[PDB]
Amino acid sequence: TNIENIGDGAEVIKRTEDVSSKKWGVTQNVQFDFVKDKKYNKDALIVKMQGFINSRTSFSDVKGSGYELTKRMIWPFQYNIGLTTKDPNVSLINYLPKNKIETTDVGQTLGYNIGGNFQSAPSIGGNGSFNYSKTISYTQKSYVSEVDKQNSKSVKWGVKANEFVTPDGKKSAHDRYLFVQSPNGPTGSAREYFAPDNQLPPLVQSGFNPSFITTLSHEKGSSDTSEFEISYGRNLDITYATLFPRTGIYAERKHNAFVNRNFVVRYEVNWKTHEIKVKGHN
Ligand SMILES: [Cl-]
Ligand SMILES: [Cl-]
């Protein structure tokens, strides 16, 4: 189940890697599909990036005197998915999502026909008019997807915090009092200073399950192997909630406190032997 006939003297060699990190709280479940097609004089690798990026959300006390009633909530303001390469021989010919998509569910399809013909569709609908297709699918309740950077050598997506449903209407990702609440007593736990799990969406509470694609073209001839990095990470904001007994709760946001905390894995493609292997990581 690692080689598939897609029509003609054309087939797809399916390879997959699974690299994880407890430090970064990330898991890369990538699928590297090589496109073998005599009628298309260029190597092509369809990389489908999946896995899990831990929200890394944490509620805790704040050490130091004068802060006994100041609690801290750390959460992911944005998830980061990206793939960059340096080898001159390689170029990114396509990527999904191609444009900014802000619906709760993201479902797109990358199609391929013999003769090097790729086309994308922002829907997982019909209708098998491709020799081979790969699809992305992920939910982002309260978040928005956008292509931060892109060129022939790299692509980088960002799943940003956008708007959240609250007991009292909507609230933006920049609202300083987002997720804060009085804990019903000064003896209340750190967690009680913030919104309960039922009001927190998956991307905040649990984490994010990425699902992205990007095809790489390669010039046949003394360009035997290429390397590229894949980043899965997040940008974290801090939300401090201080209880003034008998008064109320004072909150303050520290936006972009921990940016670019990413887990970068370096891979190598052996175009000739149609094979993949991990060179290293952080
Ligand atoms: Cl698929
Ligand atoms: Cl209050």
# chains A, B, ... in the order shown; residues from 1 in each chain; ligands from 1
>>> residues_around(residues="residue A:4", least_positions_apart="6", cutoff="9 Å", atoms="only C-alpha atoms", output="number ranges by chain")
A: 10-14
>>> residues_around(residues="stretch 195-200 of chain A", least_positions_apart="3", cutoff="12 Å", atoms="only C-alpha atoms", output="PyMOL selection string")
chain A and resi 55+57-59+73+75-76+141-142+163-168+170+177-183+190-192+203-207+239+241
>>> write_last_selection(atoms="C-alpha atoms", output="short mmCIF file (atom, residue, chain, number, x, y, z; two decimals), in the first residue's frame")
data_model
loop_
_atom_site.label_atom_id
_atom_site.label_comp_id
_atom_site.auth_asym_id
_atom_site.auth_seq_id
_atom_site.Cartn_x
_atom_site.Cartn_y
_atom_site.Cartn_z
CA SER A 55 -2.54 24.48 22.47
CA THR A 57 -2.78 26.43 27.35
CA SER A 58 -2.01 26.70 31.03
CA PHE A 59 -3.62 28.35 34.05
CA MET A 73 -3.56 32.05 31.63
CA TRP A 75 -2.89 30.36 25.37
CA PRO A 76 -2.24 30.08 21.62
CA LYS A 141 -13.82 27.26 15.49
CA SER A 142 -13.20 30.96 16.43
CA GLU A 163 -13.74 36.02 17.36
CA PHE A 164 -15.12 34.08 20.34
CA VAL A 165 -18.61 33.26 21.65
CA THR A 166 -19.10 34.39 25.26
CA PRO A 167 -21.97 34.37 27.77
CA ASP A 168 -22.50 38.03 26.79
CA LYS A 170 -19.12 37.90 20.78
CA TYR A 177 -10.80 40.54 29.28
CA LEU A 178 -11.15 37.54 26.96
CA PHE A 179 -11.56 34.31 28.98
CA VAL A 180 -11.42 36.05 32.40
CA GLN A 181 -14.06 35.75 35.14
CA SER A 182 -14.38 36.38 38.90
CA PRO A 183 -13.62 33.15 40.80
CA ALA A 190 -6.15 29.70 39.46
CA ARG A 191 -8.36 27.89 36.98
CA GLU A 192 -11.51 29.48 38.46
CA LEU A 203 -7.88 25.42 19.38
CA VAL A 204 -7.61 27.07 22.81
CA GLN A 205 -8.46 24.21 25.12
CA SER A 206 -6.87 21.21 23.35
CA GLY A 207 -4.75 22.12 20.33
CA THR A 239 -3.62 36.94 30.16
CA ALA A 241 -6.37 38.26 35.96
#
>>> residues_around(residues="stretch 253-270 of chain A", least_positions_apart="2", cutoff="8 Å", atoms="only C-alpha atoms", output="number ranges by chain")
A: 19, 21, 24, 26, 77, 80, 176-177, 224-240, 251, 272-282
>>> write_last_selection(atoms="C-alpha atoms", output="compact mmCIF listing (two decimals), in the first residue's frame")
# COMPACT_ATOMS: atom_id res chain seq x y z
CA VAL A 19 8.32 12.89 14.13
CA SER A 21 8.55 16.40 20.34
CA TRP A 24 7.54 21.59 21.76
CA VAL A 26 4.07 18.81 18.49
CA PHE A 77 -3.11 33.27 19.76
CA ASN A 80 2.10 28.16 12.69
CA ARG A 176 -8.06 42.09 27.10
CA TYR A 177 -10.80 40.54 29.28
CA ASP A 224 20.12 13.86 -6.95
CA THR A 225 18.78 14.99 -3.48
CA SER A 226 17.16 18.01 -1.76
CA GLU A 227 16.46 19.10 1.83
CA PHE A 228 13.62 21.06 3.39
CA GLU A 229 12.29 22.02 6.81
CA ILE A 230 8.74 21.80 8.18
CA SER A 231 7.68 24.02 11.11
CA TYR A 232 4.76 23.32 13.44
CA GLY A 233 4.41 25.73 16.35
CA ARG A 234 2.55 28.60 17.94
CA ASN A 235 2.51 32.14 19.22
CA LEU A 236 1.33 32.49 22.81
CA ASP A 237 -0.33 35.39 24.63
CA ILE A 238 -0.47 35.86 28.37
CA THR A 239 -3.62 36.94 30.16
CA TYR A 240 -3.28 38.07 33.75
CA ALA A 251 -7.21 41.92 33.64
CA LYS A 272 16.23 9.03 -7.67
CA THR A 273 15.35 6.35 -5.10
CA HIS A 274 11.98 8.06 -4.36
CA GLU A 275 12.67 7.97 -0.62
CA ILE A 276 12.50 10.25 2.50
CA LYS A 277 14.49 10.50 5.76
CA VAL A 278 14.88 12.82 8.75
CA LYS A 279 18.21 14.68 8.90
CA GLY A 280 17.49 16.46 12.20
CA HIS A 281 15.33 18.76 14.33
CA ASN A 282 15.19 21.09 17.37
>>> select_by_dssp(residues="stretch 56-233 of chain A", states="helix (DSSP H, G or I)", output="VMD selection string")
chain A and resid 191 to 193 197 to 199 202 to 205
>>> write_last_selection(atoms="N, CA, C and O atoms", output="compact mmCIF listing (two decimals), in the first residue's frame")
# COMPACT_ATOMS: atom_id res chain seq x y z
N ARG A 191 -7.47 28.23 38.07
CA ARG A 191 -8.36 27.89 36.98
C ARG A 191 -9.70 28.63 37.06
O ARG A 191 -10.23 29.06 36.03
N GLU A 192 -10.22 28.79 38.27
CA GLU A 192 -11.51 29.48 38.46
C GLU A 192 -11.48 30.95 38.02
O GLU A 192 -12.55 31.55 37.86
N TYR A 193 -10.29 31.52 37.83
CA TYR A 193 -10.17 32.92 37.36
C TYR A 193 -10.40 33.01 35.86
O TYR A 193 -10.46 34.10 35.31
N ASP A 197 -13.68 24.96 30.59
CA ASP A 197 -13.45 24.24 29.34
C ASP A 197 -14.63 24.22 28.34
O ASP A 197 -14.40 24.18 27.13
N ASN A 198 -15.87 24.24 28.83
CA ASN A 198 -17.04 24.22 27.92
C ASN A 198 -17.20 25.52 27.09
O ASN A 198 -17.87 25.51 26.06
N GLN A 199 -16.58 26.61 27.55
CA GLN A 199 -16.63 27.89 26.84
C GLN A 199 -15.38 28.09 25.99
O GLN A 199 -15.30 29.03 25.21
N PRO A 202 -11.78 24.15 20.92
CA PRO A 202 -10.69 23.20 20.73
C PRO A 202 -9.31 23.83 20.52
O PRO A 202 -8.35 23.41 21.18
N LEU A 203 -9.19 24.80 19.62
CA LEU A 203 -7.88 25.42 19.38
C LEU A 203 -7.28 26.08 20.62
O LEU A 203 -6.06 26.26 20.70
N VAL A 204 -8.11 26.45 21.59
CA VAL A 204 -7.61 27.07 22.81
C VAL A 204 -7.43 26.00 23.88
O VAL A 204 -6.37 25.85 24.47
N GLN A 205 -8.49 25.25 24.12
CA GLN A 205 -8.46 24.21 25.12
C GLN A 205 -7.50 23.07 24.83
O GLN A 205 -6.60 22.83 25.61
>>> closest_atom_pairs(of="chain A", to="ligand 2", cutoff="9 Å", atoms="only C-alpha atoms and all ligand atoms", output="CSV")
residue,atom,partner,partner_atom_place_in_ligand_line,distance
A:181,CA,ligand 2,1 (Cl),7.4
A:182,CA,ligand 2,1 (Cl),6.1
A:243,CA,ligand 2,1 (Cl),8.7
A:247,CA,ligand 2,1 (Cl),7.0
A:248,CA,ligand 2,1 (Cl),3.9
A:249,CA,ligand 2,1 (Cl),5.0
A:250,CA,ligand 2,1 (Cl),7.9
>>> residues_around(residues="residue A:120", least_positions_apart="4", cutoff="8 Å", atoms="only C-alpha atoms", output="list in words")
residues 96, 108, 109, 110 and 111 of chain A
>>> write_last_selection(atoms="C-alpha atoms", output="short mmCIF file (atom, residue, chain, number, x, y, z; two decimals), in the first residue's frame")
data_model
loop_
_atom_site.label_atom_id
_atom_site.label_comp_id
_atom_site.auth_asym_id
_atom_site.auth_seq_id
_atom_site.Cartn_x
_atom_site.Cartn_y
_atom_site.Cartn_z
CA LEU A 96 -3.55 24.54 0.00
CA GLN A 108 -10.06 21.45 0.01
CA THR A 109 -8.77 19.14 -2.71
CA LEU A 110 -5.57 19.00 -4.74
CA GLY A 111 -6.08 17.20 -8.05
#
>>> residues_near_ligand(ligand="ligand 1", cutoff="12 Å", atoms="only C-alpha atoms and all ligand atoms", output="PyMOL selection string")
chain A and resi 14+30-33+46-50+107-111+124+132-137+211-213
>>> closest_residue(among="A:271, A:156, A:222, A:71", to="residue A:188", atoms="only C-alpha atoms")
A:71
>>> closest_residue(among="A:215, A:162, A:28, A:5", to="residue A:93", atoms="only C-alpha atoms")
A:215
>>> closest_residue(among="A:53, A:69, A:81, A:62", to="residue A:208", atoms="only C-alpha atoms")
A:53
>>> atom_distance(atom1="atom CA of residue A:201", atom2="atom CA of residue A:157")
20.1 Å
>>> atom_distance(atom1="atom CA of residue A:40", atom2="atom CA of residue A:116")
5.1 Å
>>> closest_residue(among="A:220, A:98, A:174, A:42", to="residue A:147", atoms="only C-alpha atoms")
A:98
>>> select_by_dssp(residues="stretch 14-191 of chain A", states="strand (DSSP E)", output="ChimeraX atom specification")
/A:14-21,26-37,43-54,58-61,70-85,90-96,105-113,117-121,132-139,143-150,154-161,163-165,170-172
